[PDB]
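With ideal geometry, Cβ positions are generated from the backbone for all residues, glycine too; neighbour counts draw on all protein chains shown. Any read-out appearing in this document is the output of simple, stated calculations on the displayed coordinates, not a laboratory observation.
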Number of protein chains: 4
Amino acid sequence: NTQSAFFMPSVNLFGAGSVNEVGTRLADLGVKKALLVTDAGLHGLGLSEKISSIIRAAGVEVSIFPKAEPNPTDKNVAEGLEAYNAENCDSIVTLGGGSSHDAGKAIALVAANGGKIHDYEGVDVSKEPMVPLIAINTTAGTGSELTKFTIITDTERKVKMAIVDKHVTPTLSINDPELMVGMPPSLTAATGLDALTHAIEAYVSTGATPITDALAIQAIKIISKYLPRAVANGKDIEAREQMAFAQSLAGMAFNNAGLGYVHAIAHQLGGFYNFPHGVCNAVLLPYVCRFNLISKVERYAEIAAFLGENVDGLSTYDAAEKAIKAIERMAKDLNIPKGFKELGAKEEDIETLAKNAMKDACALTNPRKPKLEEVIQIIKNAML
Amino acid sequence: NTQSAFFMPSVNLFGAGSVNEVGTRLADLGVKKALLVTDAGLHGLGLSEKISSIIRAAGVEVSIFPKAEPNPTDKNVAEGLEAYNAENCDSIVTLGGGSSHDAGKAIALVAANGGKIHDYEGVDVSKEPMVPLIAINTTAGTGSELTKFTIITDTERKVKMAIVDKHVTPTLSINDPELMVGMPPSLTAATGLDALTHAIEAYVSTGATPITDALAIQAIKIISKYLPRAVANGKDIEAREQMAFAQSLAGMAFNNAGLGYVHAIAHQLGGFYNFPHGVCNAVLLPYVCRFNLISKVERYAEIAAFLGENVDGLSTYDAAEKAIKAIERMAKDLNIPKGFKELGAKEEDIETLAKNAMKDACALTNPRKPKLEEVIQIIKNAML
Amino acid sequence: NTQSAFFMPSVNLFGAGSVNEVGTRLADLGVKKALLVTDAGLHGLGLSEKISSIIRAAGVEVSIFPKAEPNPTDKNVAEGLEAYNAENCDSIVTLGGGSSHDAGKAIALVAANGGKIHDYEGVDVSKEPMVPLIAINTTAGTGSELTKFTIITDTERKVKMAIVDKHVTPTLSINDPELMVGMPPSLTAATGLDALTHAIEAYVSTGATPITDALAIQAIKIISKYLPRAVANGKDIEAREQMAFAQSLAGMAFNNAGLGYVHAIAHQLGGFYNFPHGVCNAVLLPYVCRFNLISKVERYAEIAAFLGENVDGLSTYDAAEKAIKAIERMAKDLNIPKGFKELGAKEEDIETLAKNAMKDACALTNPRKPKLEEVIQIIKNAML
Amino acid sequence: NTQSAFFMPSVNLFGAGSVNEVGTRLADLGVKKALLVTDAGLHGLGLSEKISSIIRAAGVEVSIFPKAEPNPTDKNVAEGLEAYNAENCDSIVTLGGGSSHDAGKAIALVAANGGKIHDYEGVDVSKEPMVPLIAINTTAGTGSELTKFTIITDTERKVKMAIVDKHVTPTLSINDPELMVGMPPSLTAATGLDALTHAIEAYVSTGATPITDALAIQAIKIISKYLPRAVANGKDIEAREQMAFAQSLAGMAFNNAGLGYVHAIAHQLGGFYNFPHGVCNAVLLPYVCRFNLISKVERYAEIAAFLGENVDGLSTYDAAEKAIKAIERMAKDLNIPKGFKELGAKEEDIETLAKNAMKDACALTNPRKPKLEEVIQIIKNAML
Ligand SMILES: Nc1ncnc2c1ncn2[C@@H]1O[C@H](COP(=O)(O)OP(=O)(O)OC[C@H]2O[C@@H](O)[C@H](O)[C@@H]2O)[C@@H](O)[C@H]1O
Ligand SMILES: Nc1ncnc2c1ncn2[C@@H]1O[C@H](COP(=O)(O)OP(=O)(O)OC[C@H]2O[C@@H](O)[C@H](O)[C@@H]2O)[C@@H](O)[C@H]1O
Ligand SMILES: Nc1ncnc2c1ncn2[C@@H]1O[C@H](COP(=O)(O)OP(=O)(O)OC[C@H]2O[C@@H](O)[C@H](O)[C@@H]2O)[C@@H](O)[C@H]1O
Ligand SMILES: Nc1ncnc2c1ncn2[C@@H]1O[C@H](COP(=O)(O)OP(=O)(O)OC[C@H]2O[C@@H](O)[C@H](O)[C@@H]2O)[C@@H](O)[C@H]1O
Ligand SMILES: [Mn+2]
Ligand SMILES: [Mn+2]
Ligand SMILES: [Mn+2]
Ligand SMILES: [Mn+2]
């Protein structure tokens, strides 16, 4: 069919100070006890208590679960579901980056569907809406506060599982850039390059629509102008607010268009080595774009212009090549590792990695359909 | 504040055949009896019964209220609320164009907050969310299946009141282009030019954000290419699908950025003389743009390029004027009336029309703030 | 469906001297006696006997029917079927322009399907293929030596009936440019502008395919260069050969894509006043192109370039308008009448002319679907 | 002489689902049982039975001959005539690529003329038309469903003989893109580049006409955009349909313009080593183009533009040179071998390969007339 759908939370708050509304919103939802899912760093920095104060200052109780781990695991989700159940909670508030949103989302799905998070790996495999959730985002690259995606790790298959289900669209989303000033430069760069990967893969995806296209183009332009500014000075408020907008645009686009083999392979490198998601995407992006070039050359040529390149007097092909060169230049200027072996990757895993990548749902929307030898060759090119 | 929010239904279905899902979707909400709000023409066409059959084949009861009138009235809403309660309905399904959507939204809001619809004229004045509502759109220009706007006419004041409330965001939207092939050319032109007005006013609004900008730009570009095609041949499926996308983009843009004095004045001409909304917008747009030019000249110059104009070697001012000339050219090619006098408007009503235009909420986001005399001059110029 | 088809004779001869092969070819078909259908002018010029000698010198008998009239009539077809049967002919050879080709096609169809040519007005209504027919084309504009179209006049309805049937595709075609040198200048101009109309209407028709587009583009480019040369000096052999190629390109294109309201209206003016077909087409072309503009503005802009115009720095709309101006200038340079009233058309018939125009099959493929009032407007415009 | 001719089947069906008509169309022709000529691969995939049912449901009997081999052989034709005479068949339906079309065509010719296939090597070396044949094409190259060319391999001389006879033009053709979705990527690339070779050799051929030029230009332009997309994802329906159009355009063009030394040499390399026809053409295309440059420098400069290259500020020579560079880049991006020795070509057979190529009929239309040394040198340059 030629049918499509657009998903996002019904209410999404933006701008400096929006977090000061969480409690009121939680009260309007008619909830009484919320599990605060955050990470140990943000809890140690004091964010958990500062936000809990706002929540309980509105008549809703909150119990903090600062046990969401970068690249969240099935163990984190099971332990959280116990907290949720033992702690008599009726809502979830996620505070942090994509790991906290996805952990809270998985907890919320299993708290309403019963099984294990692994049971819902795939597309809309769940059979009921998740418990009420307000997602407070503090990184500029996931968009998970708006998506129907939750990435939970199989520690046994060592695979970052993709649960893509409409029932994990958060109830309300909050994007406060004042909460993002504290991102160190490497984190700023990695999340920003994850948003850029989101927008590029959404723009070349087979599930693209004119709506997702509008959003992705804006995201690329804004990231290209403001991400280096956010990496160079995290106290540049303009760059922070524009990167928050760019992150939401890119999340909006990929949620409804689909991603591709950058994310398909990155999920395997992250399930095997706990590498940062955004760094995997940044290392892989130029190679997968070069692989995809012959399928979407006009759109990669447009991406080169969106990325600031001059394409006057150039063929569509040469213009498309300037886009890969600009991506490599951006990654070089933001100090992204050059390959995966310098980070700890091994050949004895490449074939397994490639075989697992061909099973990720994101691969379904990649514009060029590959043979195992191609995924393997891409992974080999990303080793050095 | 630098704070903002983005609102839209959590689930939005697109594409040929999407209406065949209404019953299952309505069932998933756990509702049991829906009032089907439509107009007399579409009910006489058999569409009401087709949709009622799909709904009943999913275990939900249906009571048809086919009495929404073009420019729906407070009387239509009161009668609809009476029907809603007499048949013990727990949900609403709107089928048709903006008049049916707004009648249904108003019925649902009054059924959940009490009072009368006039009580909610303004911005976020109600306290409770409206009863479950699914919106099935059949015109390519309103976007009300996605907006928090319901425009109901005060018959006594002769004023099309604008109720701007987050609580009238539909639960789910359905945009099936197969349901729009039957629009006669005049309706296609008026609805398409209402969507173009939506996108333009959103782009020049004081409430614009990078997100709304993305959506509005795509809407203008698509309307410029496909609206004349849809007017020339309504059986052009590609044009119908692109207009279905453009109408939704423009709705998404104005719902979250705001409108301006085109809509503020159009609501008064429609409350006084019951003209088609899009025809009022098409007549007024060049005049409000010229009035607004000095406030957003860079953005009107960009609009000229989005509309296909060549601006090489021109100042921003001359490029912005070329946009007004292109807007005038599209209206003439779509056989839009030249002015309001030949339609029946009277000079002695101008002063009241302008006064009421300054009380509409859409005027709050107009980039240039007028005084009464300038609103009067605009209406006099629009008499022609 | 997206299904399509390409129709053309299996063998099509081109080049100086090709007619000297007709007799051999007729004999290769296994036929024994052919009815030579031509018009009185070429018969008085001696061409009928010259070709009959070539045919007889190969053992095929010939009976000349020089009774085909410009804008052939139903009476011509009845008289031809009588001769075909009385003279014990088993094949048909048409010699001349479109009038002779269509008369021969009609006789050949009725000789195999019975009934009357009137019964076959419309699309693929016939059950049996027509008797073997070889078409020798002597004008540079109709293309009927290759098409599945036969235009026969219903003398009482005063309507040029369009029989579009695959069973009237000639068996073999001969396009000898040596036979076209004798066309007087007005005939060269009228047939060439009928070919230009074929290519333009094929390019903007809703039934265009990449194949028809390729042929139509080539036709337009060649006509812009060589038609004026062939009108200014009919002894320019290069111009005559290039115009023969262009007529065939335009015929192949319209035969498989469709025409539009130029032909739909021209058939009515020709059935009422027996004006030359190409003159009717040339008078109407600018007005129907202007009416259709909003439906195919990109393709009319491309036509402006094919016609040699410079479109640098122009919007698609201004470029499309330059094409209409180029058509008007060419028609003026070839002494094409400015309007229809000066030739004898009467206002009191416009309504009938319009109503009959909406019943012609060529109207089905026009890119803009009109109303009766708009067809009437096109004619009033073409009257003065 | 200045004479020319255009040949193609009188009825040619295109588009998704056209194959569903084979049976009904076989019903027109009045035939009773057809030998279904295909290859073992499509027979093992089930296509043979699928089509056979469509033929059965129209009252026509079918005998499947799935013994056509890639690079069909004389032996294959004899086995075929044996079965068509045995099952007492009166028609032939070819299902597959160029090998199935050419095998069936040869069977149909010898079944009507009696001799041996080797005897009709050359041009118009036959006396009577072949038996009714409908060709259903499943590859995006060759064009054999429309040509008067049958290439049968003589197992003795190791020579792909080119029989160019009008008596082998199929009765009806079917180009259903739904049957081409299953072509694996290497087959998509090889067939598409065989089509590109057809269009280029037709464009630079000495037998080119304005008609062949129109068709070949369109084919080159479409291939440049859609062949890489069809190789990258064979489930791209738009790319498959556009390539089906392109292969038909290139077939119509080369059939009536001629080919050149790319095909002349490729036929010998394939007769010696059974290499795929399209891979032979792709390896040879740049070297023969460079040999031909001085004869057709303007048309190679035009091909550079048709292929998407920018030629601004360049001499005709440098642009024609950019065209060969674009052909090389296309061959490399679609993984086409760089030379023939890697595939197994022998440096001892170069003298015979070159001598046999100058005896191919395809060399007669090459724009540059060479010496044996030149053909030898081309083959040597294509060895590494
Ligand atoms: N505003 C902030 N200031 C300082 N540090 C922060 C901030 N926000 C997050 N951090 C720190 O950044 C670390 C990484 O947190 P993540 O949530 O894992 O980062 P993110 O890229 O946003 O999420 C990625 C996760 O979502 C999936 O899409 C993806 O596969 C991965 O599982 C954590 O230790 C967290 O404390
Ligand atoms: N697909 C269709 N086919 C044929 N007719 C249709 C179709 N859809 C609607 N119509 C007819 O068009 C007429 C106008 O109906 P509206 O709902 O008023 O059309 P629309 O322009 O979309 O809504 C305008 C209303 O919404 C507000 O934004 C605006 O202020 C106005 O009140 C009605 O009589 C309706 O039957
Ligand atoms: N080569 C020629 N030299 C001199 N005179 C010629 C030549 N060819 C044709 N004529 C003269 O041109 C006159 C008109 O002949 P037509 O066949 O009517 O001209 P043409 O434009 O080719 O066909 C028009 C007919 O075909 C339909 O498409 C169209 O509707 C019309 O009925 C005739 O009197 C004929 O003698
Ligand atoms: N739609 C399809 N799906 C899957 N496989 C296919 C399809 N079509 C063809 N194939 C496979 O392609 C293989 C080669 O078949 P060919 O007919 O030889 O391919 P093609 O390139 O079209 O023909 C080449 C032959 O025609 C001559 O012009 C040329 O000289 C050569 O002999 C076979 O194994 C066949 O099964
Ligand atoms: Mn990501
Ligand atoms: Mn509006
Ligand atoms: Mn004509
Ligand atoms: Mn070939």
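Observations on the structure shown:
- Within region A:226-239, the set of residues being more than 11 Å from chain B (Cβ to nearest Cβ) and either in a helix (DSSP H, G or I) or small (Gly, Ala, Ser) (or both) comprises A:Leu227, A:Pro228, A:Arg229, A:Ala230, A:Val231, A:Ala232, A:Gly234, A:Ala239.
- Test: residue in region D:28-47 that is outside any loop (DSSP other than H, G, I, E, B) and within 14 Å of another protein chain (Cβ to nearest Cβ): yes
- Screening A:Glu309, A:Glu328, A:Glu351 for residues that are assigned to a loop (DSSP other than H, G, I, E, B) and away from chain D (no Cβ under 14 Å) leaves exactly one candidate, A:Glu309.
- Pairs, first part of a helix (DSSP H, G or I) in region B:194-216, second of a type in the set (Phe, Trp, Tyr) and within 11 Å of ligand 6 (Cβ to nearest atom), C-beta under 7 Å, six or more apart: B:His198/B:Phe254; B:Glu201/B:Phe254; B:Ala202/B:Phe254
- Here is the figure for region B:130-164: residues that are away from ligand 6 (no atom under 16 Å from the Cβ) and surrounded by fewer than 24 Cβ atoms within 10 Å (Cβ to Cβ) total 7.
- Test: residue in region B:107-116 that is under 30 Å from B:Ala239 (Cα atoms), away from chain A (no Cβ under 14 Å) and more than 8 Å from ligand 2 (Cβ to nearest atom): no
- Total residues in region D:240-268, condition among the hydrophobic types (A, V, I, L, M, F, W, C), over 25 Å from D:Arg368 (Cβ atoms) and either more than 9 Å from every other protein chain (Cβ to nearest Cβ) or within 16 Å of ligand 5 (Cβ to nearest atom) (or both): 2
- Residue count for region B:168-179, restricted to those that are surrounded by fewer than 24 Cβ atoms within 10 Å (Cβ to Cβ) and in contact with a helix residue (DSSP H, G or I) (Cβ under 6 Å, 6 or more places away or on another chain): 2
- Checking C:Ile134, C:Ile107 one by one, the residue that is within 18 Å of C:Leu26 (Cβ to Cβ) and touching a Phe, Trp or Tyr at 6+ places or on another chain (Cβ under 7 Å) is C:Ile107 and no other.
- Evaluation of B:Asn88 against (1) polar (S, T, N, Q); (2) touching a residue at least 60 places away in the same chain (Cβ under 8 Å); (3) at positive phi (one fails), failing number: (2)
- Only one entry in A:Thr142, A:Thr150 is away from ligand 2 (no atom under 16 Å from the Cβ) and touching a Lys or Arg at 6+ places or on another chain (Cβ under 7 Å), namely A:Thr150.
- Under the condition of being without any contact (Cβ under 8 Å) to a residue 60 or more places away in the chain and either touching a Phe, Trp or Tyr at 6+ places or on another chain (Cβ under 8 Å) or buried (at least 16 other Cβ atoms within 10 Å of the Cβ) (or both), the residues counted in region C:291-301 number 3.
- When residues of region C:6-55 are limited to those that are surrounded by fewer than 16 Cβ atoms within 10 Å (Cβ to Cβ) and aliphatic (A, V, I, L, M), the one nearest to ligand 2 (Cβ to nearest atom): C:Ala40
- Members of region A:125-150 found to be within 12 Å of another protein chain (Cβ to nearest Cβ) and either assigned to a strand (DSSP E or B) or within 16 Å of ligand 4 (Cβ to nearest atom) (or both), listed by number: none
- C:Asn88 part of a loop (DSSP other than H, G, I, E, B), of a type outside the set (A, V, I, L, M, F, W, C) and more than 16 Å from ligand 4 (Cβ to nearest atom): yes
- Every residue from region D:182-191 that is in contact with a helix residue (DSSP H, G or I) (Cβ under 8 Å, 6 or more places away or on another chain) and within 12 Å of another protein chain (Cβ to nearest Cβ): D:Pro185, D:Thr188, D:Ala189
- In region B:312-325, residue surrounded by the most Cβ atoms within 10 Å (Cβ to Cβ) [restricted to those that are within 12 Å of chain C (Cβ to nearest Cβ) and not in a helix (DSSP H, G or I)]: B:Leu314
- From the options B:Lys221, B:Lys296, residue that is farther than 28 Å from A:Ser10 by Cα and of a type in the set (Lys, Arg): B:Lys296
- So A:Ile92, is it within 16 Å of ligand 1 (Cβ to nearest atom), more than 14 Å from chain B (Cβ to nearest Cβ) and in contact with a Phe, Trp or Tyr (Cβ under 8 Å, 6 or more places away or on another chain): yes
- Residues in region C:151-179 that are farther than 20 Å from C:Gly23 by Cα, out of contact with any strand residue (DSSP E or B) (no Cβ under 9 Å at 6 or more places or on another chain) and within 14 Å of chain D (Cβ to nearest Cβ): C:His167 alone.
- Region D:190-210 - residue that is in contact with a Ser or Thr (Cβ under 7 Å, 6 or more places away or on another chain) and buried (at least 24 other Cβ atoms within 10 Å of the Cβ) and, of those, farthest from C:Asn175 (Cα to Cα): D:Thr191
- Given (1) in a strand (DSSP E or B); (2) away from chain C (no Cβ under 14 Å); (3) closer than 30 Å to C:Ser173 by Cβ, index of the condition D:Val62 fails: (3)
- Of all the listed residues (D:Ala301, D:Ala266), the sole one being more than 11 Å from ligand 8 (Cβ to nearest atom), among the hydrophobic types (A, V, I, L, M, F, W, C) and not in a loop (DSSP other than H, G, I, E, B) is D:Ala301.
Conditions tested, residue by residue: (1) more than 27 Å from C:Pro210 (Cα to Cα); (2) more than 19 Å from the chain's Cα centre (by Cα); (3) of a type outside the set (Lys, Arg).
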{"site": "D:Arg25", "(1), (2), (3)": "no, yes, no"}
{"site": "D:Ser52", "(1), (2), (3)": "yes, yes, yes"}
{"site": "D:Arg56", "(1), (2), (3)": "yes, yes, no"}
{"site": "D:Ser63", "(1), (2), (3)": "yes, yes, yes"}
{"site": "D:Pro70", "(1), (2), (3)": "yes, no, yes"}
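- Which numbered condition D:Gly17 fails, given (1) out of contact with any strand residue (DSSP E or B) (no Cβ under 8 Å at 6 or more places or on another chain); (2) away from chain C (no Cβ under 14 Å): (2)
- Among the residues here, C:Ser144 qualifies as touching a strand residue (DSSP E or B) at 6+ places or on another chain (Cβ under 9 Å) and more than 16 Å from ligand 8 (Cβ to nearest atom).
- Selected residue (criterion: nearest to ligand 7 (Cβ to nearest atom)) from residues of region A:197-225 that are hydrophobic (A, V, I, L, M, F, W, C) and more than 10 Å from chain B (Cβ to nearest Cβ): A:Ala208
- When B:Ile51 is tested against the conditions (1) over 28 Å from B:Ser126 (Cα atoms); (2) in a helix (DSSP H, G or I); (3) of a type in the set (A, V, I, L, M, F, W, C); (4) within 14 Å of another protein chain (Cβ to nearest Cβ), the lone failure is (4).
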